[PDB]
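Tertiary structure, described
Given next are the chains, with one letter for each unit.
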Amino acid sequence: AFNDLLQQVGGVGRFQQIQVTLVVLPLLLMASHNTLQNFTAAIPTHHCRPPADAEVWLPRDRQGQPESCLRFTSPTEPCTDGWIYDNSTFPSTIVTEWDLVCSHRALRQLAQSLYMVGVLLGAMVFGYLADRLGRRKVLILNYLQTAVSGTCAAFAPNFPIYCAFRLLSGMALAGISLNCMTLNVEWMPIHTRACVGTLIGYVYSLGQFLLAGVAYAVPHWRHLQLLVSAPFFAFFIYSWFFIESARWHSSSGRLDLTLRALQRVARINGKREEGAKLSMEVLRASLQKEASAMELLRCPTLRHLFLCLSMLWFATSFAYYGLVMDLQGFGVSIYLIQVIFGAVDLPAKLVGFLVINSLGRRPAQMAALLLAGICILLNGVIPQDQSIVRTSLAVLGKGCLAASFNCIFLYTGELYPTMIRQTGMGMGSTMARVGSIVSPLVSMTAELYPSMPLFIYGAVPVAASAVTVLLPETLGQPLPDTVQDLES
Ligand SMILES: COc1ccc(Cl)cc1C(=O)NCCc1ccc(S(=O)(=O)NC(=O)NC2CCCCC2)cc1
């Protein structure tokens with residue numbers, strides 16, 4: 001009867017209208033801190049530095065472009081001396097700093113892979129410790145860490161220090177993402193649980209505009225990192241004024257704290273007359289009513305569903321986080337491609353929302369996934385001579401994958417049974433990050449062929465699109481109460 005208590009104190013009042021906004025505001029930096037290795041680690045055109053013994057010193061080939069490997073040993077030797085990087089559009093990047101060109105090309109992918117590896121451990125550890133210390137405490141620690149370990153990376157004199165600090169920043173950021181929604185959805189009524197779920201998505205989708213503006217505003221990478229990591233201190237200074245969730249207090253066993261929090265929120269809302277009526281006995285009379293992860297194993301009915309759901313999550317995450325990177329090579333500047341990519345998610349979600357309930361849950365998923373897969377696989381045959389279809393197909397694929405993410409979230413939310421839903425959603429989201437981890441890993445094979453990663457990126461969604469035909473349709477049906485009655 002917690003919902004009735006919320007409607008008694010006022011339900012959706014000023015307390016919510018302040019706290020939800022002030023808790024969702026810092027999510028505008030997710031897009032900036034996630035896809036930063038497009039502006040902070042761009043590769044400009046470079047060539048071998050001739051010896052200081054002096055135009056014709058390099059074996060230029062492929063339409064006269066200077067060659068970056070050899071240096072005409074005699075007026076066929078490795079450089080081992082240095083490179084002359086261009087400074088017309090990219091004054092300084094990571095490759096310009098430690099010379100990760102033509103011999104250590106895979107280290108950019110390695111850094112991205114480590115940054116993504118530092119997301120799984122966060123989502124695990126700080127999700128475990130969120131239900132044992134308190135949402136607000138963990139949020140405060142996350143706010144402190146994202147600024148402490150994020151601003152000192154801009155002064156790293158070596159590569160491993162930068163990698164480790166980025167890993168820790170991702171560790172904090174993974175926890176902030178989960179805890180934000182976990183604390184936000186608790187204070188809202190049951191009838192407004194889906195409205196806030198879509199709110200976070202559009203907040204995330206707006207951060208690409210800020211990234212595009214800021215990157216142009218400051219070209220330097222150290223200053224860019226400092227600026228994108230600084231505001232977390234301001235967000236942290238105020239973060240002591242939040243109110244702990246009442247549901248967690250009630251479930252823990254301490255009802256006095258729940259009572260006090262209810263009175264306090266009543267004072268903020270201005271309904272103290274009902275708070276005074278609220279007492280200990282009525283709470284014990286109204287809330288008197290108030291699953292292992294291995295149960296998925298040794299029970300085929302849930303294992304069969306979980307396997308397919310995890311496969312879909314993995315395929316979607318792999319395709320999405322392989323697509324969004326490597327903006328270079330499209331002919332158009334990365335700055336413009338950023339805003340173009342950020343301008344296609346809104347219509348993707350808008351169209352997908354209608355089609356989940358109009359066409360069907362599974363029809364929409366299969367159509368979107370197949371279209372994205374074929375569109376991406378098509379990109380690997382047309383030559384780079386073109387400059388229009390290359391961008392059109394990429395943006396269409398990105399939007400389609402965003403719509404696929406919007407559809408699968410609701411599909412898994414409404415598919416699983418009631419009691420095991422909380423752990424099933426977490427397990428499904430867990431497999432949505434291994435694909436992101438492995439995305440930079442398979443891009444390292446670009447040395448073998450110049451489009452093999454692109455072919456790999458299109459085969460997985462195409463294969464997964466035919467896998468959705470093995471799940472029941474559940475449109476316009478009651479939520480399955482339990483496993484016993486779960487038959488159709
Ligand atoms: C992965 O569960 C979601 C899927 C879609 C949306 Cl709307 C929200 C969530 C969500 O709240 N999960 C819990 C916490 C969370 C949030 C974001 C991320 S994320 O990985 O950094 N974001 C994305 O992948 N895509 C975004 C959203 C969809 C359009 C394109 C941009 C990872 C975890």
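The rules behind the values
Residues numbered from 1 in each chain as written, not as in the entry; some residues may be left out. Heavy atoms only, no water. Helix = DSSP H or I, 4+ residues; strand = E, 2+ residues; numbered from the N terminus. Expected span 1.5 Å × (residues − 1). Contact = heavy atoms within 4.5 Å. Salt bridge = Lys/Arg side-chain N within 4 Å of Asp/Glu carboxyl O. Buried < 20%, exposed > 50% of the residue type's maximum accessible area, 1.4 Å probe, protein only. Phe/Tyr/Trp six-rings, centres within 6.5 Å; stacked < 30°, edge-to-face > 60°. Near = heavy atom within 4 Å. Nonpolar A, V, L, I, M, F, W, Y, C, P; charged D, E, K, R; others polar. Domains from an automatic or database assignment.

Determination of this PDB entry was carried out by cryo-EM to a resolution of 3.68 Å, according to the record.

Considering helix α22 (residues 421-443)
Helix length check: α22, at 23 residues, gives a terminal C-alpha distance of 35 Å against a target of 33 Å (1.5 Å per residue), a fit within 8%. Against α5 (106-128), α17 (300-323), α21 (389-415) and α23 (452-465) lie the buried residues of α22.

A few points about the pattern of salt bridges
Across all of its chains, the model carries nine salt bridges by this definition. As a salt-bridge pair, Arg-62 and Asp-61 come within 2.9 Å of each other at their nearest N and O atoms. Using a relative accessible area of 36% as the deciding quantity, one classes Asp-61 as partly exposed. For the salt bridge of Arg-222 with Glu-97, the shortest nitrogen-to-oxygen distance reads 3.0 Å. One end of the pair, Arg-222, is in helix α11 (residues 221-229); the other, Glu-97, is in helix α4 (residues 94-98), and 125 residues separate them in sequence.

A word on the packing of aromatic side chains
Enumeration according to the criterion identifies 13 aromatic pairs in this entry. A ring pair is formed by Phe-318 and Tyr-457, whose centres lie 5.4 Å apart and whose planes are at 80°; its orientation type is edge-to-face. Of this pair, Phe-318 sits in helix α17 while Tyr-457 sits in helix α23; the two residues are 139 residues apart in sequence, bridging distant segments of the chain. Residue class for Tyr-457 comes out buried when judged on its relative accessible area of 7%.

Quick word on the site of the ligand
The environment of the ligand is made up of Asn-34, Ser-177, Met-181, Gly-201, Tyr-204, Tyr-320, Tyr-321, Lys-349 and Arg-433. Contributing elements (two or more residues each) for the shell around the ligand: α8 (159-187), α9 (193-205) and α17. Considered class by class, the residues forming the shell around the ligand number four nonpolar, three polar and two charged. The residues that make up the shell around the ligand include at least three from each of domain 1 (1-38 + 103-290) and domain 2 (298-472).

Quick look at unusual backbone geometry
For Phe-72, which is not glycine, the phi dihedral falls at a positive 55°. Mapped onto the elements, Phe-72 comes out in the loop between β1 (46-48) and β2 (83-85). In this structure, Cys-102 is a non-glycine residue whose phi angle is positive, near 75°. Tracing the backbone through its elements, the reader meets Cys-102 in the loop between α4 and α5. Looking at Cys-102, the relative accessible area reads 23%, which means it is partly exposed.

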